[PDB]
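Below you will find one chain, with nothing else, as structure tokens; this is the form solved without the ligand, and questions on how it binds or moves follow later.
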């Protein structure tokens, strides 16, 4: 029931995500990483595609004890000559964060085409990424979340 998503599984999945992205939009011209969860994935993908145009955007949930919890911050200003953009995240749960990221990116950059890719996606998500690899299990620990604290404690 408890899945540890390991670095080795991530390498294999990253190569498959590359294949699946190239099939829909070709090689992207730039990446937007949905911080924090997309950072390691976007680092590996940007080096694989030899892409230096990498931008970040933050999706952060705050306590509504406020009108809306989710808040999208640090909106990048993508350069004019970049038109095919891949937005990268590691898991899509409800889809609310990714949908909000795309909506702001498209509003600010109406000339560009944004595609989205995730490693994992809940089947019941209200909003889904253009490309995803695996249905999200109920309970999942990612190596970037747990390996450093597990090493420290052993």
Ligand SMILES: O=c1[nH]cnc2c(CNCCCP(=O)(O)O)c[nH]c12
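Numbering follows the first chain given and starts at 1.
In what follows, reference is made to the form deposited with the ligand bound, a form of this protein that is not presented.
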| query | finding |
| --- | --- |
| Contact residue in the deposited complex, chosen from 15, 140, 146, 24 - any heavy atom within 4.5 Å of the ligand | 140 |
| Exercise: residue 53 in contact with the ligand in the deposited complex, heavy atom 4.5 Å | no |
| Partner contact for residue 91 in the deposited complex: the ligand, 4.5 angstroms, heavy atom | yes |
| 4.5 Å heavy atom contact, residue 96 to the ligand in the deposited complex | yes |
| Stretch in contact, per heavy atom within 4.5 angstroms of the ligand in the deposited complex, of 96 to 104, 109 to 117, 24 to 32, 42 to 50 | 96 to 104 |
